[PDB]
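What follows is calculated from the coordinates using simple rules that are stated; it is not laboratory data. A quick note on method: Cβ atoms are made from the backbone with ideal geometry, for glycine too, and the neighbour counts reach across all protein chains shown.
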Amino acid sequence: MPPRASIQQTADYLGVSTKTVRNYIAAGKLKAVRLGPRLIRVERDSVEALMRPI
Amino acid sequence: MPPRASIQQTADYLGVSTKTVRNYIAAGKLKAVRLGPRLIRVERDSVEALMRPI
Amino acid sequence: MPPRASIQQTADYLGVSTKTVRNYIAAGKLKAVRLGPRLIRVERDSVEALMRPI
Amino acid sequence: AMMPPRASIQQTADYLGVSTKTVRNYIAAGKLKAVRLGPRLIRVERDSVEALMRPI
Amino acid sequence: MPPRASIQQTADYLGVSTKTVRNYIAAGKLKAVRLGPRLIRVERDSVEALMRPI
């Protein structure tokens, strides 16, 4: 367990499944971060439906 | 403007700022996706905090 | 035998029943932590402490 | 974040729990900021390490 | 980190050894001043300049 630990390491450390860790994170029992920017893409369809004619 | 477009392409397309595009995604007015898995890390100190003694 | 082991894993390692492990915990001869309301783990260090040369 | 203000590639990697190669990629990709002192002495800016991490 | 800093404060700031800081000073890669028989202080300005972004 280094300061920032993989989901796997946290699972092994705690003796639970990686799923359980992911649920803990998702429920606010564990704090987690992601490293770096996401590669984000917007769906054209929603852009199209955002523009309401007048 | 492809089926999945960059934040910049969406901003250019709509004549708004990237910041405005980001706000619309946060508000649920535009639908967006990220590509591929995040590199995730759990904060060591929060694992320590999770384990409450009996 | 993880750093944080289940009661069943502790029983199996020691060669005792789950009831004996639970009683060691209540009696303070084993140190245990609660993760979730339905999830307990035994500290492996205390398990090693519990075992004394004859 | 008890790292030094200018951290080694090893210390950044150790703190982040990723390989040194990974830390070196981040620098190249501009995802981490770094400086050179000498003919092969590189240091990561701790501030960029903090900003590299975005909660989930 | 004062405008006039010790070799030690400099070594910590840079994340290198005091021996390295002393080398740099000797090489002219750092600017230093002497206050008395013993006392050396490194010019913070020279320390900022040493860190050339990649």
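What are the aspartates and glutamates whose alpha-carbon lies under 19 Å from the alpha-carbon of B:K29, with same-chain residues fewer than 8 places away excluded?
Those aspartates and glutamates meeting the cut-off are A:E43, A:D45, A:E48, B:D12.
Hey, rough spin-label estimate for B:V33 and A:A27, points 7 angstrom out along Cα→Cβ, what's it come to in nanometres?
Label at B:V33, label at A:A27, 3.0 nm between them.
So what is the calculated 222 nm ellipticity per residue for the protein assembly as shown, using -39500 (n - 2.57) for each DSSP H run with n of 4 or more, over all residues, to the nearest 500 deg cm²/dmol? Mind dumping the intermediate values first?
Values: 15 runs with 123 residues, N = 272.
One gets -12500 deg cm²/dmol as the mean residue ellipticity at 222 nm.
What is the sum of charges around E:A5, taking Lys and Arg as +1, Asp and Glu as -1, for the other residues whose C-beta is under 15 Å from the C-beta of E:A5?
Working: positive: D:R6, E:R4, E:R22, E:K31, E:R34, E:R41, E:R44; negative: E:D12, E:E43, E:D45, E:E48.
So the environment of E:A5 carries a net charge of +3.
Compute, for chain E, the length of the dipole vector about the Cα centre, with Cβ point charges of +1 (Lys, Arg) and -1 (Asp, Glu) only. Units Debye, rounded to 20. Kindly include the intermediate steps, with their values, before the conclusion.
Numbers: 10 positive and 4 negative charges, 45 e Å.
Using only the charged Cβ atoms, the result is roughly 220 debye.
Label 7 Å along Cα→Cβ of C:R52; region C:2-32 residues with amide nitrogen under 20 Å?
Backbone N within reach: C:14-16, C:20-32.
Quickly work out the A:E43-to-E:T18 label distance, labels modelled 7 Å from Cα along the C-beta direction, and quote it in nm with one decimal.
6.3
Putting +1 on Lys and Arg Cβ atoms and -1 on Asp and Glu Cβ atoms, find which of E:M1, E:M51, E:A27 reaches farthest to the positive end of the dipole of chain E.
The residue sitting most towards the positive pole is E:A27.
Taking Cα atoms, how many degrees apart are the long axis of helix D:20-29 and the longest axis of chain D, rounded to 10 and kept between 0 and 90?
That helix lies at roughly 90 degrees to the long axis.
Counting only Cα, what are the radius of gyration and maximum Cα-Cα distance Dmax of chain C, in Å?
Both quantities, over Cα of chain C: 10.4, 37 Å.
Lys and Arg at +1, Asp and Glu at -1: add these up for the other residues within a Cβ distance under 10 Å of A:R44 and post the number.
On the way: positive: A:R41, B:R4, B:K31; negative: A:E43, A:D45, A:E48.
Overall, the nearby charge balance is 0.
Shape call for the protein assembly as shown from the C-alpha gyration tensor, a ≥ b ≥ c root eigenvalues: rounded (a/c under 1.5), prolate (a/b greater than b/c) or oblate?
Working: a/c = 3.14, a/b = 1.13, b/c = 2.78.
Judged from the Cα gyration tensor, the protein assembly as shown comes out oblate (a/c at least 1.5, b/c at or above a/b).
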